[PDB]
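For this one, two forms of the same chain are given in structure tokens, first as structure 1 and then as structure 2.
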Structure 1
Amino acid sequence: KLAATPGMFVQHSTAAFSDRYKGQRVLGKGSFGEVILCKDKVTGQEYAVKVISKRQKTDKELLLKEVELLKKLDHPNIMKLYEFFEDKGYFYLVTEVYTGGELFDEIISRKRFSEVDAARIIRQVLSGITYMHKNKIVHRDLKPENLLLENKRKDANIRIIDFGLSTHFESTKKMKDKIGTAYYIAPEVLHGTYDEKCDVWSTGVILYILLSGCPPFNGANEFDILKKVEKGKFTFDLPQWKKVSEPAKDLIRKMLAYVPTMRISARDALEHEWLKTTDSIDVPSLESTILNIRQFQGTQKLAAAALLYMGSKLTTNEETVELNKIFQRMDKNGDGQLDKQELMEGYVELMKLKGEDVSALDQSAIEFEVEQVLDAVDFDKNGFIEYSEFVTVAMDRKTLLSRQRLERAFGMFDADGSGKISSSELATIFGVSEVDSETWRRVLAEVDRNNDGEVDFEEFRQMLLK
């Protein structure tokens, strides 16, 4: 099968950025260029663009890689990328926008954080990196400056950003490059031999700060701090720690363990007692979402692409707040995936809610029933349901299928503007040279009403609307 993934939709456009976007204001300025809030000139929808001035050939490939990395990441606590434009003088990297600002500013405002708030935040950050490390990718510059809150809501969701220092790592070899930020750098990075557990240390520093308001490793200036850091000794001796629970500190000790091999992993960090620190969902919304997932029947690739496009790229965060809640609770381990058992327990948990008797359950029947949902829903055939996949399938088709979303999807697909989606255009969407004669055949056979060899906007409409 041609594997449907959110990242395939992000392509090198050669349309003029200016033709479709207008700048609203500066969000931040770098050495590279600036990050600019932009609006789609036609829909008014807002995005954040990272604009990079050119100077020659070395610069580009290094970037193409930051992009490719970001395409492969499809996770609720990781930055979402929509597309990228290149100019004679510039690169534009268009992406979703998180308007809540840097967790850094929230820490300078709020000063301290509740055990509840901190746990939710660190759990999310850890889920993001657990996923990353599962994909053999290490972030390497984690800090509150590089964590954005989605919006100005009180308990806003977190996004990890700025993968410009991130890289692939192999468990065979070790990394040597010194990369990170003073307060948050792991001692092995200074030493020159490191692996993914540097990210754990960084996040461990973050946690310490969230709870107490101060960094665990301090000093008068950068060099001083790096000396302190490198010796690794830290204290819970400040008065503010008296009012934090022991389990939180236990987690921190394990995350700031000096010796990397004795340091807890991201994956195991998620399972710590403290991280379930909490303080519900309406049954109707849960019921509908479950019913939508059960009723999703697999389909030809063109529909699968279209739906995934609309779900993964064209829904907003505000639309998916309900869905986001349900997903996170069905993800018992927090790893950013729904697996077979988590799905099965979702159904069971719903059954408890409904008064349906548990013992009654035919475990084998349910298992088979879950296997088939996963088969239908798992767009990329990786055996697991990612966030985007979930949203696509679990949102009420009439809502996701708003008239605007449909029309915009079709326009994206009909790349040559001919009013009709060709097999080559379908190949283009997947990121593949051409489509299997058989898979294209499987499409027309179900969708091509005129019988003119392509899918026009009305044929497209029927296709999803059934």
Structure 2
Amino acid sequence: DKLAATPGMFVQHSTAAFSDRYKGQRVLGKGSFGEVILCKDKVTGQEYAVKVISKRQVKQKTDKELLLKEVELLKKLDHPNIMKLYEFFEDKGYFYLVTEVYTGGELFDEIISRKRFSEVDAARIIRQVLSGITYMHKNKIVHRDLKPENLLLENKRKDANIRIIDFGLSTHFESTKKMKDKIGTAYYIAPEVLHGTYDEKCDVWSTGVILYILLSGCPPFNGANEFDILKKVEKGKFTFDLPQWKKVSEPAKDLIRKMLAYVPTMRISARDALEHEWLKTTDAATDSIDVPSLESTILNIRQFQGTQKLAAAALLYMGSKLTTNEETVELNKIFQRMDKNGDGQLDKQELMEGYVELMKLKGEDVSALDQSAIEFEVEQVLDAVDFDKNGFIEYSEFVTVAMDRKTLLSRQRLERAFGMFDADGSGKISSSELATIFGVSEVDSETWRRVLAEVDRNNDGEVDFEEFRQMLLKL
């Protein structure tokens, strides 16, 4: 019964008041359902996006179930290009969703300002989208509502990273049963969804529509109104007949055509679309990538000794929940590069190749490497870093472990971390509090023993804020 530390186990765990952790700054949006508030974490000064929902806004029993469901999706997801959920709170009359703040606004608005995207630009953007959804599709989640309106740029830099959002029409899927609900948006929605039977491939279609727009500034299917769009769509025919397309390379068209294959069975999957030459070829050579960053990350990984569960959870919390995007930009690069097959996980092969790739850049000769020795080392790294024990290194796990410990173990982070564990505010962490954070009924006497003998200096049977400090700060 291996206690799996996952980013998501931290989410619903606090049941404090909004004001116990946050200070509002301004309103980011109001809707009939609720408002999004820009808040400042009182302790860390970091800036978060808090959606605040009145119980009265959503007391449709389906609706409570619907929201709770979007929450469980988000708790599960963890990918550099997909929205990150930090916390879910409850009030006497309110629910709170603490999300990361994405300061770049909608891809839509960036569309209506420059109109057309560079082939380089568009490939990079679309690459990210498909990686998001490859991940989602792998994990049996289909979005059903892709569009520039539901993609945000993280910040304002020229080639900023992209994040997928509003999982309110998203759902779980089992390959054996096809979905039926008619959900989506005029310009982007795939024929089969109109017909009432569809699969996750609709997300590919939508992405294909998105890509058409990026390259030409126009939808491939248009209409006087929604209805006229839908008819155009359902009939299925589109064309590269616009003058704009004269400039654009044939493979890009080829990808577009493979993504807008009318019948889902013949339409390319996300995984496979990722391998399209264009996405492949738009990278003319590896962009200049810091070897030092790469070397240090690989070094910070090797030296993560396997560890007792209290520290593991602590670190995963700090990595997954307390790190600013500015903070992890370079890392998420390396991760993505490491993750050839796009699915947002590192596996033994991908990790092993990473180290080898690094070696040659160090100029080391590849036929001169004790391959069976690397493998072993890699097997052990995975054992050490795989906090949820699924045999894969996920992005949160990666960031936790790849970040400079000194940087990550900032004092604010440390304080706050202890705070989350010590639910009774007693200043002392009980095994019961540990079990609670893990999401489990009780912790094995085994595991508690194996943690105290390494942290409990007073020997009072519990872990206080300084015992905590030393444990982690013990390099």
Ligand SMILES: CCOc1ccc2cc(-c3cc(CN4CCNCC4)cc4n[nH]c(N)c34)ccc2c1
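Rigid core here is just the name for the largest C-alpha set that superposes within 1.5 Å across the two forms. Structure 1's sequence is the ruler for residue numbers, which start at 1.
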Q.
Between the two structures, is it 1 or 2 that corresponds to the form deposited without this ligand?
A. 2
**Q.** Did residue 67 shift 2 Å or more between structure 1 and structure 2, C-alpha, core superposed
**A.** no
Q: State yes or no: after fitting on the rigid core, is the Cα displacement of residue 230 between structure 1 and structure 2 at least 2 Å?
A: no
Q. After the core is matched up, is the C-alpha of residue 250 off by 2 Å or more between structure 1 and structure 2?
A. no
Q | Rigid core fit between structure 1 and structure 2: Cα deviation of residue 112 in angstrom | A | 0.4
Q | Angstrom displacement of the CA atom of residue 13 between structure 1 and structure 2, core fixed | A | 4.1
Q. What's the distance in angstrom the Cα of residue 328 travels between structure 1 and structure 2, core superposed?
A. 1.8
